[PDB]
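Shown below: input-v3.cif, with mmCIF, C-alpha atoms.
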```
data_data
#
loop_
_atom_site.label_atom_id
_atom_site.label_comp_id
_atom_site.auth_asym_id
_atom_site.auth_seq_id
_atom_site.Cartn_x
_atom_site.Cartn_y
_atom_site.Cartn_z
CA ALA A 1 121.66 70.03 102.97
CA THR A 2 125.37 70.35 103.81
CA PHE A 3 127.74 72.49 101.62
CA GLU A 4 131.49 72.30 102.19
CA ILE A 5 133.22 75.46 100.93
CA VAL A 6 136.91 74.86 100.09
CA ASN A 7 139.39 77.64 99.25
CA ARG A 8 142.04 76.03 96.97
CA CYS A 9 143.29 79.47 95.85
CA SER A 10 146.74 80.64 96.85
CA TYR A 11 145.13 83.83 98.16
CA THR A 12 142.61 84.37 100.97
CA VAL A 13 138.94 84.71 100.15
CA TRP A 14 135.96 85.67 102.15
CA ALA A 15 133.21 83.21 101.36
CA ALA A 16 129.59 84.35 101.39
CA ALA A 17 126.25 82.55 101.41
CA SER A 18 122.86 84.26 101.18
CA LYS A 19 119.37 83.83 99.78
CA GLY A 20 119.00 87.59 99.12
CA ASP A 21 116.74 88.50 102.05
CA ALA A 22 118.79 86.64 104.75
CA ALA A 23 122.16 85.00 105.56
CA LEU A 24 122.54 81.31 104.92
CA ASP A 25 124.20 79.93 108.11
CA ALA A 26 126.92 82.31 109.36
CA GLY A 27 126.56 84.18 105.99
CA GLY A 28 130.29 84.65 105.58
CA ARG A 29 133.74 83.75 106.82
CA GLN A 30 137.40 84.21 106.02
CA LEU A 31 139.04 81.27 104.28
CA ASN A 32 142.81 81.22 104.03
CA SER A 33 144.41 79.04 101.40
CA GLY A 34 143.35 75.44 101.94
CA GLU A 35 140.70 76.08 104.55
CA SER A 36 137.26 74.49 104.40
CA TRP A 37 134.00 75.87 105.86
CA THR A 38 130.98 73.51 106.25
CA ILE A 39 127.56 75.13 106.32
CA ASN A 40 124.03 73.86 106.81
CA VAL A 41 121.34 75.16 104.50
CA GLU A 42 117.65 74.58 105.25
CA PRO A 43 115.80 72.17 102.93
CA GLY A 44 113.48 73.98 100.56
CA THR A 45 115.85 76.95 100.15
CA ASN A 46 115.05 78.63 96.85
CA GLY A 47 117.44 81.06 95.19
CA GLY A 48 120.50 80.55 97.36
CA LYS A 49 123.89 81.87 96.23
CA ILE A 50 127.51 81.15 97.16
CA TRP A 51 130.48 83.30 96.07
CA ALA A 52 133.91 84.42 97.10
CA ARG A 53 134.96 87.98 97.93
CA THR A 54 138.46 89.28 97.47
CA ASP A 55 140.60 91.92 99.19
CA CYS A 56 138.48 92.49 102.28
CA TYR A 57 139.09 94.65 105.31
CA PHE A 58 136.93 94.10 108.34
CA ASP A 59 137.03 95.65 111.83
CA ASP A 60 136.33 93.77 115.04
CA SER A 61 132.52 94.39 114.71
CA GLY A 62 132.51 92.53 111.30
CA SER A 63 132.15 95.78 109.26
CA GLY A 64 134.29 96.83 106.33
CA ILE A 65 134.80 96.54 102.57
CA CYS A 66 135.81 93.98 99.87
CA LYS A 67 136.96 94.82 96.30
CA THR A 68 134.74 92.17 94.76
CA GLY A 69 131.45 90.80 96.06
CA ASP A 70 130.97 93.19 98.96
CA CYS A 71 127.59 92.64 100.67
CA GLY A 72 126.88 96.05 102.14
CA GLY A 73 130.09 96.06 104.10
CA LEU A 74 129.48 93.08 106.34
CA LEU A 75 131.49 89.94 107.02
CA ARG A 76 128.35 87.97 107.46
CA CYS A 77 126.30 88.61 104.41
CA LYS A 78 122.50 88.96 104.55
CA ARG A 79 122.20 90.37 101.01
CA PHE A 80 123.79 89.48 97.63
CA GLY A 81 127.19 90.82 96.68
CA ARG A 82 128.36 93.62 94.46
CA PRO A 83 129.62 92.37 90.97
CA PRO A 84 131.87 91.06 89.69
CA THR A 85 131.09 87.74 91.37
CA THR A 86 131.20 84.23 90.00
CA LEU A 87 128.02 82.65 91.50
CA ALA A 88 127.12 79.18 92.77
CA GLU A 89 123.28 79.21 92.72
CA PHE A 90 120.91 76.60 94.08
CA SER A 91 117.30 75.86 94.71
CA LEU A 92 116.74 72.77 96.90
CA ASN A 93 113.79 70.28 97.39
CA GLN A 94 111.70 71.74 94.53
CA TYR A 95 109.17 68.96 93.84
CA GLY A 96 111.63 66.33 94.83
CA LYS A 97 114.68 67.69 92.89
CA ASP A 98 117.59 70.07 93.59
CA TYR A 99 118.73 72.49 90.87
CA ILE A 100 122.26 73.83 90.66
CA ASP A 101 124.25 76.03 88.31
CA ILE A 102 127.19 78.36 87.97
CA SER A 103 126.51 81.83 86.58
CA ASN A 104 128.60 84.64 85.11
CA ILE A 105 125.51 86.95 84.68
CA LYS A 106 127.03 89.13 87.38
CA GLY A 107 130.57 88.77 86.13
CA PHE A 108 133.60 86.86 87.39
CA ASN A 109 136.06 87.16 90.22
CA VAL A 110 137.30 83.72 91.36
CA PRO A 111 137.19 80.44 89.42
CA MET A 112 134.88 77.76 90.86
CA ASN A 113 133.73 74.24 91.01
CA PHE A 114 130.26 73.39 92.26
CA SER A 115 129.67 69.63 92.64
CA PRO A 116 127.57 67.07 94.53
CA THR A 117 129.13 65.11 97.42
CA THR A 118 126.26 62.56 97.11
CA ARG A 119 125.21 60.42 94.10
CA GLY A 120 123.09 60.98 91.05
CA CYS A 121 124.26 64.05 89.13
CA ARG A 122 127.36 65.77 87.80
CA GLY A 123 129.03 68.96 88.83
CA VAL A 124 129.83 72.10 86.85
CA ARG A 125 132.89 74.23 86.68
CA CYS A 126 134.14 77.60 85.41
CA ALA A 127 137.90 77.47 85.66
CA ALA A 128 139.32 79.54 82.80
CA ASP A 129 141.34 82.60 82.95
CA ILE A 130 138.43 84.96 82.51
CA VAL A 131 140.10 87.88 84.36
CA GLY A 132 143.32 87.68 82.31
CA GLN A 133 141.41 87.64 79.04
CA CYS A 134 138.49 90.00 80.07
CA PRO A 135 137.90 92.86 77.70
CA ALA A 136 139.15 96.27 78.73
CA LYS A 137 135.68 97.71 78.82
CA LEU A 138 134.59 95.04 81.29
CA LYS A 139 137.72 94.97 83.48
CA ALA A 140 136.99 96.01 87.03
CA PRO A 141 139.85 98.16 88.53
CA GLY A 142 139.04 96.44 91.81
CA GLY A 143 139.84 93.07 90.30
CA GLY A 144 137.56 90.79 88.21
CA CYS A 145 135.64 90.96 85.00
CA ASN A 146 132.28 92.65 85.00
CA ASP A 147 129.22 91.62 83.09
CA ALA A 148 128.03 94.08 80.42
CA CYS A 149 124.69 94.69 82.18
CA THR A 150 126.48 96.03 85.24
CA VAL A 151 128.59 98.32 83.16
CA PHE A 152 126.24 99.59 80.43
CA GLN A 153 122.76 99.27 81.90
CA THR A 154 121.10 98.65 78.53
CA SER A 155 117.87 96.69 78.00
CA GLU A 156 119.76 94.31 75.71
CA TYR A 157 122.55 93.37 78.12
CA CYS A 158 120.23 93.35 81.17
CA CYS A 159 117.38 91.56 79.32
CA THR A 160 114.93 94.04 80.72
CA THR A 161 112.14 93.36 78.20
CA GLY A 162 112.45 89.60 78.64
CA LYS A 163 113.67 89.40 75.03
CA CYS A 164 117.36 89.70 74.49
CA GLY A 165 119.93 87.79 72.51
CA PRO A 166 123.50 86.76 73.11
CA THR A 167 126.20 89.44 72.51
CA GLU A 168 129.90 89.97 71.94
CA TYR A 169 130.23 90.30 75.71
CA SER A 170 128.09 87.26 76.63
CA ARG A 171 129.93 85.18 74.04
CA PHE A 172 133.19 85.98 75.64
CA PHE A 173 132.12 84.45 78.96
CA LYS A 174 130.49 81.51 77.11
CA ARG A 175 133.60 80.78 75.03
CA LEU A 176 135.70 80.46 78.18
CA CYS A 177 133.17 78.82 80.49
CA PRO A 178 130.55 77.07 78.44
CA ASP A 179 128.91 75.35 81.49
CA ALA A 180 128.13 78.71 83.20
CA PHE A 181 125.19 81.01 82.30
CA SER A 182 126.48 83.90 80.23
CA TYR A 183 123.30 86.01 79.94
CA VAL A 184 119.84 85.89 81.49
CA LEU A 185 118.29 83.99 78.50
CA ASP A 186 121.19 81.61 77.74
CA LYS A 187 120.31 77.99 77.05
CA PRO A 188 120.20 76.54 80.59
CA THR A 189 123.23 74.72 81.98
CA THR A 190 121.30 73.86 85.09
CA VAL A 191 121.92 70.49 86.65
CA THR A 192 119.08 68.55 88.23
CA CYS A 193 120.18 66.49 91.25
CA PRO A 194 118.21 64.29 93.60
CA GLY A 195 116.35 66.23 96.30
CA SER A 196 118.35 66.65 99.52
CA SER A 197 121.79 66.20 97.88
CA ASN A 198 124.95 67.61 99.49
CA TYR A 199 127.65 69.51 97.68
CA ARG A 200 131.14 70.92 97.53
CA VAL A 201 132.11 74.33 96.14
CA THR A 202 135.82 74.60 95.38
CA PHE A 203 137.43 77.96 94.67
CA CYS A 204 140.41 77.72 92.30
CA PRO A 205 139.70 74.11 91.66
CA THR A 206 142.65 73.57 89.29
CA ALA A 207 145.42 75.86 90.63
#
```

Can you turn what I pasted into structure tokens?
Amino acid sequence: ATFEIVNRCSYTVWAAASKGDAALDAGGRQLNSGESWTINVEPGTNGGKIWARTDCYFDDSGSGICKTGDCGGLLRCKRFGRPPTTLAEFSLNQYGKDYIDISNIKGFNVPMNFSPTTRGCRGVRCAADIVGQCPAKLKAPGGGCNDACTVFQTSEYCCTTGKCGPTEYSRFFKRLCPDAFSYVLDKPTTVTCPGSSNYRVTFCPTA
């Protein structure tokens, strides 16, 4: 499948793409405002993620540090990023269907739009001012709005027993971005698309 990754933010972001155990394509790249990066992901990819990182320094060997979404200090991510990160998640060619969603289970950093560029399904979006409204206990000094698991490490917020309910924190993310997963057991806002679809992810889709 082809993913085009479009930075519509006024600020530079460092896009990242991984399936946890490896890079997807180059794994990461700088995107200045308006730039687009087209990547190829292998059919059958299960548990792929896309996100933006903010405020990154990298040396000439591709080593450094971002304030949100850092993936062990590399430009080209092999691993998932440090929260807070708004996540585009996908599993492709799963019994003939692709499954997409946006998640705030690991917090929020940049607003996003994750849509098909082929026919047969709808996109999803989380484009509210979650950082501006974030609660002080979840505000990340680095930038962004953490999830309450990250911060408090309780069974309830992390859903460690497999039984958990929504919370004051999860409801905050849900109130602002109802189409994004707000906690691990939220009613699914997964979208099922035809197998082998192509997509666009747009950072700051409205500004």

Residues in the PyMOL selection byres ((chain A and resi 1-7) around 7), expressed as a ChimeraX atom specification: /A:8-9,31-43,196-203

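Across A:195, A:81, A:107, A:120, the tightest approach to residue 51 (chain A) is made by A:81 when counting only C-alpha atoms.
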
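CA of residue 86 (chain A) is found 18.7 Å from CA of residue 166 (chain A).
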
Residues returned when the PyMOL selection byres ((chain A and resi 135-139) around 10) runs on this file, as a ChimeraX atom specification: /A:84,107-108,130-134,140-152,169,172

Restricted to C-alpha atoms, what would the selected residues look like written as a PDB file, in the frame of the given file?
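out.pdb was written with the following content:
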```
ATOM      1  CA  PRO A  84     131.870  91.060  89.690  1.00  0.00           C
ATOM      2  CA  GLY A 107     130.570  88.770  86.130  1.00  0.00           C
ATOM      3  CA  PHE A 108     133.600  86.860  87.390  1.00  0.00           C
ATOM      4  CA  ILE A 130     138.430  84.960  82.510  1.00  0.00           C
ATOM      5  CA  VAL A 131     140.100  87.880  84.360  1.00  0.00           C
ATOM      6  CA  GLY A 132     143.320  87.680  82.310  1.00  0.00           C
ATOM      7  CA  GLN A 133     141.410  87.640  79.040  1.00  0.00           C
ATOM      8  CA  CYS A 134     138.490  90.000  80.070  1.00  0.00           C
ATOM      9  CA  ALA A 140     136.990  96.010  87.030  1.00  0.00           C
ATOM     10  CA  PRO A 141     139.850  98.160  88.530  1.00  0.00           C
ATOM     11  CA  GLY A 142     139.040  96.440  91.810  1.00  0.00           C
ATOM     12  CA  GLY A 143     139.840  93.070  90.300  1.00  0.00           C
ATOM     13  CA  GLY A 144     137.560  90.790  88.210  1.00  0.00           C
ATOM     14  CA  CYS A 145     135.640  90.960  85.000  1.00  0.00           C
ATOM     15  CA  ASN A 146     132.280  92.650  85.000  1.00  0.00           C
ATOM     16  CA  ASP A 147     129.220  91.620  83.090  1.00  0.00           C
ATOM     17  CA  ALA A 148     128.030  94.080  80.420  1.00  0.00           C
ATOM     18  CA  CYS A 149     124.690  94.690  82.180  1.00  0.00           C
ATOM     19  CA  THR A 150     126.480  96.030  85.240  1.00  0.00           C
ATOM     20  CA  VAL A 151     128.590  98.320  83.160  1.00  0.00           C
ATOM     21  CA  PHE A 152     126.240  99.590  80.430  1.00  0.00           C
ATOM     22  CA  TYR A 169     130.230  90.300  75.710  1.00  0.00           C
ATOM     23  CA  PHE A 172     133.190  85.980  75.640  1.00  0.00           C
TER      24      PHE A 172
END
```

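Omitting residue 92 (chain A) and its sequence neighbours fewer than 2 positions away, and counting only C-alpha atoms, the residues within 7 Å are residues 43, 44, 45, 46, 90, 94, 97, 98, 99, 195 and 196 of chain A.
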
Atom-to-atom span, CA of residue 187 (chain A) and CA of residue 207 (chain A), Å: 28.6 Å

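Our summary of the geometry notes that CA of residue 95 (chain A) is positioned 29.6 Å from CA of residue 158 (chain A).
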
Residue list as a ChimeraX atom specification for point (139.1, 72.2, 93.0), cut-off 6 Å, all atoms listed in the file: /A:202,204-206

Using all atoms listed in the file: which of A:59, A:179, A:186, A:89 has the shortest distance to residue 122 (chain A): A:179

Translate the PyMOL selection byres ((chain A and resi 182) around 10) into a concrete residue list for this structure, as an mmCIF file with C-alpha atoms, keeping the file's coordinate frame.
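So expr.cif came out as:
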```cif
data_model
loop_
_atom_site.group_PDB
_atom_site.id
_atom_site.type_symbol
_atom_site.label_atom_id
_atom_site.label_comp_id
_atom_site.auth_asym_id
_atom_site.auth_seq_id
_atom_site.Cartn_x
_atom_site.Cartn_y
_atom_site.Cartn_z
ATOM 1 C CA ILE A 102 127.190 78.360 87.970
ATOM 2 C CA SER A 103 126.510 81.830 86.580
ATOM 3 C CA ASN A 104 128.600 84.640 85.110
ATOM 4 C CA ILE A 105 125.510 86.950 84.680
ATOM 5 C CA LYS A 106 127.030 89.130 87.380
ATOM 6 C CA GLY A 107 130.570 88.770 86.130
ATOM 7 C CA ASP A 147 129.220 91.620 83.090
ATOM 8 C CA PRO A 166 123.500 86.760 73.110
ATOM 9 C CA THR A 167 126.200 89.440 72.510
ATOM 10 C CA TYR A 169 130.230 90.300 75.710
ATOM 11 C CA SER A 170 128.090 87.260 76.630
ATOM 12 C CA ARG A 171 129.930 85.180 74.040
ATOM 13 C CA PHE A 172 133.190 85.980 75.640
ATOM 14 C CA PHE A 173 132.120 84.450 78.960
ATOM 15 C CA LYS A 174 130.490 81.510 77.110
ATOM 16 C CA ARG A 175 133.600 80.780 75.030
ATOM 17 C CA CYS A 177 133.170 78.820 80.490
ATOM 18 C CA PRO A 178 130.550 77.070 78.440
ATOM 19 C CA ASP A 179 128.910 75.350 81.490
ATOM 20 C CA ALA A 180 128.130 78.710 83.200
ATOM 21 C CA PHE A 181 125.190 81.010 82.300
ATOM 22 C CA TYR A 183 123.300 86.010 79.940
ATOM 23 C CA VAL A 184 119.840 85.890 81.490
ATOM 24 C CA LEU A 185 118.290 83.990 78.500
ATOM 25 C CA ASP A 186 121.190 81.610 77.740
ATOM 26 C CA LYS A 187 120.310 77.990 77.050
ATOM 27 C CA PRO A 188 120.200 76.540 80.590
ATOM 28 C CA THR A 189 123.230 74.720 81.980
#
```

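Minimum atom-to-atom distance to residue 23 (chain A), evaluated using all atoms listed in the file, belongs to A:77 out of A:77, A:72, A:67, A:162.
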
Extending 8 Å beyond the listed atoms of region 36-40 of chain A on each side, what axis-aligned box results? I want centre and edge lengths in Å to one decimal, as AutoDock Vina command-line options.
```
--center_x 130.6 --center_y 74.7 --center_z 105.6 --size_x 29.2 --size_y 18.4 --size_z 18.4
```
